[PDB]
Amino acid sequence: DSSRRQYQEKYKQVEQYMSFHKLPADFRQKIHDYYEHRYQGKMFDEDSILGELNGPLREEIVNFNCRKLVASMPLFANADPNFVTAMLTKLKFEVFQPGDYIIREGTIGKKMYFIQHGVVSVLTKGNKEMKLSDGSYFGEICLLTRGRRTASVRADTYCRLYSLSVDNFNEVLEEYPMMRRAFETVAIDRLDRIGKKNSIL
């Protein structure tokens, strides 16, 4: 209803914005396709909806909303239910298109990504490409070690991801410190592959 009307009205705005800034045709279609895949014809002010509720309802919703991600992520498959719930309530749903550089090597990293659906290539200067898909995560090394992105990460298909900010990452880890090790273990394997023998983890 109004959710569809909000999609339509906001897409209208986007169109006007693009025409005003004279974006080329190919990019306008890309933006079109992004809205369609990201929102599917509906837009909600989720933060204001969830804000209207209480903690327990909010908990149940984030838990059900992220059921697919939870299922496919062994980090989550197995864990303490309060840890999961704390993680989930901080995640931000993001959609990426084929070709997008989600992460650029050498930049400073402020977030990590969990793959619900899609395929990404990890491109490290100095090494071969490798691929990550459903139930993998990436970007954890900068959150753990606060240095620079050790590789680029590029979407190969439409990717539905959930991002976590560094500050949120540390908020959750200060509460469930025993869970840090799980990230670190994955991080050490990846650092080993790219020739960083790394004690900090």
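So that there is no doubt, residue numbering starts at 1 and follows the sequence shown. C-alpha atoms forming the largest set that superposes within 1.5 Å between two forms make up the rigid core.
Annotation: of the segments 67 to 75 and 114 to 122, 67 to 75 departs further from this form in 8 other deposited structures of this protein (C-alpha atoms, root mean square over structures and residues, core superposition). Relative to one another, 168 to 176 and 22 to 30 have unequal mean CA B-factors, and 168 to 176 is the one with the higher figure. A summary of the deposited B-factors shows that, of 33 to 41 and 146 to 154, the stretch with the larger mean C-alpha value is 146 to 154. The top Cα temperature factor in the record, among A86, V119, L91, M73, falls on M73. For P81, the recorded CA B-factor ranks within the highest third of the chain. Only modelled residues enter the ranking. When the modelled residues of the chain are ordered by C-alpha B-factor, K197 sits in the highest third. Among the modelled residues of the chain, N63 sits in the middle third by CA temperature factor in this PDB entry. Per the PDB record, residue ranking by Cα B-factor puts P98 in the lowest third of the chain. Looking at the C-alpha B-factors along this chain, the one for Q8 belongs to the lowest third.
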